[PDB]
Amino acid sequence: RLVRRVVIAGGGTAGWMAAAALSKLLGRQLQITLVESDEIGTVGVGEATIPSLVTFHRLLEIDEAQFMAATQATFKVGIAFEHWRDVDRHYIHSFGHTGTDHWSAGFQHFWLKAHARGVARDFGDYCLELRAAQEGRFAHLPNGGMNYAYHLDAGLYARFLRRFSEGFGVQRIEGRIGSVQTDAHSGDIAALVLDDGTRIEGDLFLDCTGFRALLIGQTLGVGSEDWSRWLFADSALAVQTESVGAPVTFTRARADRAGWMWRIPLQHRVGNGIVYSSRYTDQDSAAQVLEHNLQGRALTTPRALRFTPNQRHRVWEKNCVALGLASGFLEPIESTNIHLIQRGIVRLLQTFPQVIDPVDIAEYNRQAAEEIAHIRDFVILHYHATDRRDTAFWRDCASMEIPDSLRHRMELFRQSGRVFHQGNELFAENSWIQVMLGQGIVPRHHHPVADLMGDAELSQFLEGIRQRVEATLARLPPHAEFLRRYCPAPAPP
C-alpha cells in the first residue's frame, strides 16, 4: 500500500518540525495532517540547541535571521559547566576544534606534553568558540569558520514552523485524540478518532503525543528502556526572568547538591530551570535553590516537569514513527532534545517509504538505537566523572556501575589520551576531550609523536595557535551588537 497520507499526532516542536520538513520535501504529493490541542502551549520556554539545527534550516531553506527574529533567539557557542568536577571547579564545553591535529595524533597530545613542560595555557585558550563564550562575542566567519547554534523560544519556534508548514499545504486539525484504531489483520494503525467523532485515516502516523506515547506505546505496545540506574534526575522546575545585561553566548549548566541549573539567554528574557532527582530532594527545596540562583526577578510562576531517562525499544513500529518524548528522553545537559527530534525526521525523510517494509524499519531502528546510546553515555559521563563526594547524590553518581561502552572510552583516555569518533555519533573528539579533561580525567601517557618537538618548538607551535585565536576573536563584535544588526527581535509585550 502506497504511503500517500501522513497523520502527525501532536504539535509542539516535535510535530511541527516534522510537518515542516515533510511538507517542504514531499508536500506536493503527500497529504499531511497534524492534530494538536490549543490547550497545550510552550511559548516563553527558552531552549538551547546544537549545530545540527543550522543544517536542518539549510535543508528546509529557512532564513536564519528571520527565524531568529521570530523566536527571540540568540547565538550559542558552548555550555559553561560549573561545579561538576568539584565545587568551584569550572570549564567550558564549546563547539569547534582545539588547536591543530597531526594525522597520527590529535592536538590534545601536544597540549598534554606542553602542559607537562609548563609551556601551555589552559586547554580552552586554543579554541576560538570557547574564547567567544568567555568574551561574549559573536559573528559569522567565512567558510563556516565559526561553529554555533541557538538559544530560542521553543513555543515561538513551533509557531514559526506551523506558518512554514501551512504554507506547504499541511492541514491542521485542532482537537484531542479520543481513540487510536488498528487494522485487524496487520496490526497497523488505521486512523485516529478525534474528540468530536471524526475519523482521520492515514498510511503513516508520527507519534508526537509526548511522554505517554499514545500511538507507539499505548496502542502498538512498544515498551521503553528505563535508564534510571545510571541517570537519577526525574524532575524539573522552569521559570523565566527579566534580562539583567547583554546576552552571553553560552548556556550555563551549574551543578548543585542533587541536580543542576540551566540558564539560557533570549533577546529580551532569560530561561532558567533546575533539574533534580526526587529520590534525593523534593520540589520545595529545588524551588528554593533555583530562586537563590536567579538573577533578576521571576516573570512567571515556575512550571513543573516530571520525566524518566528512557528510550523507546523501537522508534518505528509497523506504520508508526515516534519523535520527541514518545521516542525517549534525556535531560537537557547537552542540549540534545531538538537534535534528537531532527535526527528522527531527517532519517525518516532519507528512508521515506513508497511502501512500508520491515527491512527499512529495521535499519531505521538500528541507527536510532546506536545514536541514542552514544548520547546517553555522554550524559552519564557528566555525572560519573566527578571528584564530588559532598552529598549522597554525588557519591552515588561516582560509585555507580556504568555502561561498558562508556567505561571503555574513559579508560582509553585515562591510559593514553586517545579519543575516537564513530559513524554518526553526535559528540566529536573535541567534546570528549574537553569534558573529560574538564571533569578531571588525566591521561597517564600521551602520544609519542608529541615528544619529537623540543620545548621551544612546542611552545612556539601552541603560541602561534593562541595568537591566531586571539586575532580572530578581536574581530568579533559584542553579541548584543551583532544581534541588533542581524536579527533584532521585537520586544515582548
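Residues carry their position along the shown sequence, with the first being 1.
Subject >> Segment of higher mean CA temperature factor, 150-158 or 188-196 >> reply: In the deposited entry, the stretch with the higher C-alpha B-factor mean is 188-196.
**OP:** Take the C-alpha B-factors listed in the entry for 168-176 and for 251-259, compute each mean, and give the stretch with the larger one.
**Re:** If you average the C-alpha B-factors of 168-176 and of 251-259, the larger mean comes out for 168-176.
Original post:
Of the options 342, 336, 104, 143, which has the highest CA B factor as deposited?
Top reply: Among 342, 336, 104, 143, the PDB entry lists the largest C-alpha B-factor for 143.
**OP:** Among the candidates 94, 350, 295, 367, give the one with the maximum CA B-factor reported in the record.
**Re:** Highest C-alpha B-factor among the listed residues goes to 295.
Original post:
Hey, what third does residue 69 fall into on Cα B-factor, ranked over its chain?
Top reply: For residue 69, the deposited C-alpha B-factor lands in the highest third.
Original post:
With respect to C-alpha B-factor, does residue 404 fall in the lowest, middle or highest third of the chain as deposited?
Top reply: Middle third by C-alpha B-factor.
Original post:
In terms of the chain's CA B-factor thirds, is residue 443 lowest, middle or highest?
Top reply: CA B-factor rank for residue 443: lowest third.
Original post:
Among the modelled residues of its chain, does the C-alpha B-factor of residue 58 lie in the lowest, middle or highest third?
Top reply: Middle third of the chain for residue 58's C-alpha B-factor.
Original post:
What third of the chain, by the recorded C-alpha B-factor, contains residue 15?
Top reply: Its C-alpha B-factor, which the entry lists for residue 15, ranks in the lowest third among residues of this chain.
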